[PDB]
Amino acid sequence: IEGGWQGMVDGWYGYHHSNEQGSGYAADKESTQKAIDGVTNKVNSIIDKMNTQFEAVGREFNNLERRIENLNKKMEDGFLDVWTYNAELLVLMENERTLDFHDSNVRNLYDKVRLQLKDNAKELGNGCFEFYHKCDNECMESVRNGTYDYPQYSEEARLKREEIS
Amino acid sequence: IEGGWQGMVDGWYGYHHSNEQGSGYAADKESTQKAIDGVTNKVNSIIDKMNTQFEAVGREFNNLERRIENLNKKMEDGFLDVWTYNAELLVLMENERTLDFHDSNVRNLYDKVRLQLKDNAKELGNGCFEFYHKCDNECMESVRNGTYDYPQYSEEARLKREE
Amino acid sequence: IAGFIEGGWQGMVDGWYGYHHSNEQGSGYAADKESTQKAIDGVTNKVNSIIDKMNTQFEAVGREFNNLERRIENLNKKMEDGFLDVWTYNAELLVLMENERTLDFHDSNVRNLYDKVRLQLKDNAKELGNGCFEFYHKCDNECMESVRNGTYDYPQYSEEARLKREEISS
Ligand SMILES: *[C@H]1O[C@H](CO)[C@@H](O[C@@H]2O[C@H](CO)[C@@H](O)[C@H](O)[C@H]2NC(C)=O)[C@H](O)[C@H]1NC(C)=O
Ligand SMILES: *[C@H]1O[C@H](CO)[C@@H](O)[C@H](O)[C@H]1NC(C)=O
């Protein structure tokens with residue numbers, strides 16, 4: 001799958017079809033909503049799990065108390081280093097996960113289509129299927145539904161498949 | 001592949017079949033054991049990698065040493081915040097991974113079956129294969145064994161499709 | 001000669017992921033250079049971010065409290081021990097976690113390479129079930145290249161493939 005549909009506005013993952021009647025985009029609302037809910041939950045947990053207490057970070061040691069002030073410096077610097085590393089790596093790690101999540105969702109959508117069409121359509125290798133029969137707007141809907149009737153078009157599909165000969 | 005078998009008790013991942021003789025569950029013991037070993041290892045590493053040394057957390061500063069007591073408070077609170085966040089996020093993260101691990105294992109089990117019976121089965125979308133030939137209890141066992149004899153049923157298979 | 005799902009090619013010195021073919025003209029290994037380079041770049045980036053994101057400042061860790069300042073020395077001990085525990089756990093778990101991810105990454109890349117082939121050679125070749133495809137037609141060195149390219153012309157060999165598909169029976 002090469003890139004994304006700027007023309008598809010209504011969702012995150014979906015379909016594009018073209019036939020004799022015309023062409024258009026249609027979003028898969030189920031998988032889109034699950035993905036939006038998951039990603040929102042990810043961002044929220046990363047925010048909500050932080051538990052911050054009250055504190056008064058202010059330096060109140062005198063010039064004959066510099067060993068204690070240094071002890072405080074080591075501590076403040078220590079926590080800055082811990083949080084910086086953990087925050088940075090958490091972001092890098094969860095970003096990798098989020099992008100793979102989207103990849104995984106598109107693939108599942110592609111396989112749900114593939115397993116219906118079998119040899120009634122040619123996998124073009126770019127996320128698109130070329131049909132071996134005439135697939136109208138009702139036929140296209142059934143492919144999104146998960147109700148595509150394979151035997152109904154299988155004969156017609158078999159003629160055009162060996163018509164290449 | 002939607003939903004788990006309450007009827008399948010003997011393992012974690014497995015098979016359900018239905019034929020003329022009846023229907024029933026059977027667990028895949030190889031992939032189940034790998035999954036149990038991995039998950040147990042995950043829990044153990046999360047426990048074992050912690051090293052807690054001895055210490056005496058006790059407050060022993062007087063009423064003219066409150067700046068030092070506050071310094072200790074900032075420290076104790078600091079570590080409580082670090083451990084709380086890391087523990088919480090570690091759990092949430094590894095739980096996501098554990099559930100995807102199971103998903104991944106089921107898919108591998110499904111592919112092992114798919115590659116063993118090419119044109120002999122009709123892939124449905126729910127993790128299920130509809131056979132194009134009559135597959136009895138012996139035939140079903142061989143699919144679990146990993147020694148399903150494809151050529152033996154291959155001819156019969158090409159007939160039910162055009163019926 | 002096996003496939004991916006029963007070990008690696010010691011004979012493929014070329015790259016990380018790739019192909020092995022055998023036909024009448026001969027046999028050999030061929031690395032997929034695109035996916036190999038992406039994997040090397042990703043893994044190198046992983047190692048570099050894990051190193052580069054660390055931010056270390058100057059400090060003079062030395063114990064300079066006297067024998068009537070042991071409560072303060074203990075406060076320092078709790079702190080030093082605290083950070084040692086935090087870094088140890090995080091470092092250990094980061095390594096274990098990212099190693100799992102790295103190995104699954106490689107697994108995933110090999111599977112993608114296998115599927116790109118499978119979806120081209122539909123019923124023109126037999127999935128042997130060990131990462132290898134047995135062709136039902138004569139596939140020469142140009143034919144093999146096209147399978148790696150992603151340009152394999154299925155209709156061109158489909159008829160020949162259908163003739164041989166019905167032999168074992170009669
Ligand atoms: C999913 O789309 C399918 C497309 O086949 C719908 O079924 C068709 O509906 C049309 C008009 O609504 C009817 O003429 C037929 O009953 C169906 N067509 C065929 C060829 O059988 C189906 O209604 C859609 N899903 C839902 C839940 O409505
Ligand atoms: C596995 O089950 C089959 C039944 O199809 C049986 O014939 C065979 O003996 C079993 N395999 C082995 C190696 O014993």
# chains A, B, ... in the order shown; residues from 1 in each chain; ligands from 1
>>> select_by_dssp(residues="chain B", states="strand (DSSP E or B)", output="list in words")
residues 14, 15, 16, 17, 18, 19, 22, 23, 24, 25, 26, 27, 121, 122, 123, 129, 130 and 131 of chain B
>>> residues_near_ligand(ligand="ligand 1", cutoff="12 Å", atoms="only C-alpha atoms and all ligand atoms", output="number ranges by chain")
A: 135-150, 152-153
>>> interface_residues(of="chain C", to="chain A", cutoff="9 Å", atoms="only C-alpha atoms", output="ChimeraX atom specification")
/C:49-50,53-57,59-61,64-65,72,76,79-80,83,86-87,90,98,116,119-120,150,155-156,158-159
>>> residues_near_ligand(ligand="ligand 2", cutoff="7 Å", atoms="only C-alpha atoms and all ligand atoms", output="VMD selection string")
chain B and resid 138 to 142 145
>>> write_last_selection(atoms="N, CA, C and O atoms", output="CSV table (one decimal), in the first residue's frame")
chain,number,residue,atom,x,y,z
B,138,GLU,N,-9.8,-39.4,11.4
B,138,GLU,CA,-8.4,-39.8,11.1
B,138,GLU,C,-7.8,-38.6,10.3
B,138,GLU,O,-6.7,-38.2,10.6
B,139,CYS,N,-8.6,-38.1,9.3
B,139,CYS,CA,-8.1,-37.0,8.5
B,139,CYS,C,-7.9,-35.7,9.3
B,139,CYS,O,-6.9,-35.0,9.1
B,140,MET,N,-8.8,-35.5,10.3
B,140,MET,CA,-8.6,-34.3,11.2
B,140,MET,C,-7.4,-34.4,12.1
B,140,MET,O,-6.7,-33.4,12.3
B,141,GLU,N,-7.1,-35.6,12.6
B,141,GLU,CA,-5.9,-35.9,13.4
B,141,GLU,C,-4.6,-35.5,12.6
B,141,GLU,O,-3.7,-34.9,13.2
B,142,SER,N,-4.6,-36.0,11.4
B,142,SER,CA,-3.4,-35.8,10.5
B,142,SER,C,-3.1,-34.3,10.3
B,142,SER,O,-2.0,-33.9,10.1
B,145,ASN,N,-1.5,-33.4,13.6
B,145,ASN,CA,-0.1,-34.0,13.5
B,145,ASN,C,0.9,-33.2,12.8
B,145,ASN,O,2.0,-33.1,13.2
>>> residues_around(residues="segment 54-70 of chain B", least_positions_apart="5", cutoff="8 Å", atoms="only C-alpha atoms", output="PyMOL selection string")
(chain A and resi 60) or (chain C and resi 71+78)
>>> atom_distance(atom1="atom CA of residue 2 of chain B", atom2="atom CA of residue 27 of chain A")
21.7 Å
>>> closest_residue(among="C:17, C:99, C:26, C:8", to="residue 47 of chain C", atoms="only C-alpha atoms")
C:99
>>> residues_around(residues="residue 119 of chain B", least_positions_apart="4", cutoff="10 Å", atoms="only C-alpha atoms", output="PyMOL selection string")
(chain B and resi 114-115+123+131-132+150+154+157-158) or (chain C and resi 123+126)
>>> write_last_selection(atoms="C-alpha atoms", output="short mmCIF file (atom, residue, chain, number, x, y, z; two decimals), in the first residue's frame")
data_model
loop_
_atom_site.label_atom_id
_atom_site.label_comp_id
_atom_site.auth_asym_id
_atom_site.auth_seq_id
_atom_site.Cartn_x
_atom_site.Cartn_y
_atom_site.Cartn_z
CA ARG B 114 -3.32 -23.33 5.58
CA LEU B 115 0.02 -24.33 4.03
CA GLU B 123 -10.58 -20.42 3.75
CA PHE B 131 -13.02 -28.84 3.43
CA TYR B 132 -13.80 -29.64 -0.21
CA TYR B 150 -2.47 -33.68 0.52
CA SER B 154 -6.41 -33.69 -3.94
CA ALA B 157 -11.19 -31.79 -3.93
CA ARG B 158 -11.33 -30.44 -7.53
CA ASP C 123 -1.56 -21.55 -8.42
CA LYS C 126 3.10 -25.17 -4.98
#
>>> residues_around(residues="segment 87-91 of chain B", least_positions_apart="2", cutoff="12 Å", atoms="only C-alpha atoms", output="PyMOL selection string")
(chain A and resi 42-51+86-87+90-91+93-94) or (chain B and resi 42-43+46-47+50+79-85+93-98) or (chain C and resi 86+89-90+93-94+97)
>>> residues_around(residues="residue 24 of chain A", least_positions_apart="4", cutoff="9 Å", atoms="only C-alpha atoms", output="ChimeraX atom specification")
/A:7-8,15-18
>>> closest_residue(among="C:146, C:151, C:88, C:109", to="chain B", atoms="only C-alpha atoms")
C:88
>>> select_by_dssp(residues="segment 3-157 of chain A", states="helix (DSSP H, G or I)", output="number ranges by chain")
A: 29-48, 66-120, 137-145, 150-157
>>> atom_distance(atom1="atom CA of residue 53 of chain B", atom2="atom CA of residue 67 of chain C")
23.0 Å
>>> atom_distance(atom1="atom CA of residue 131 of chain A", atom2="atom CA of residue 115 of chain A")
13.7 Å
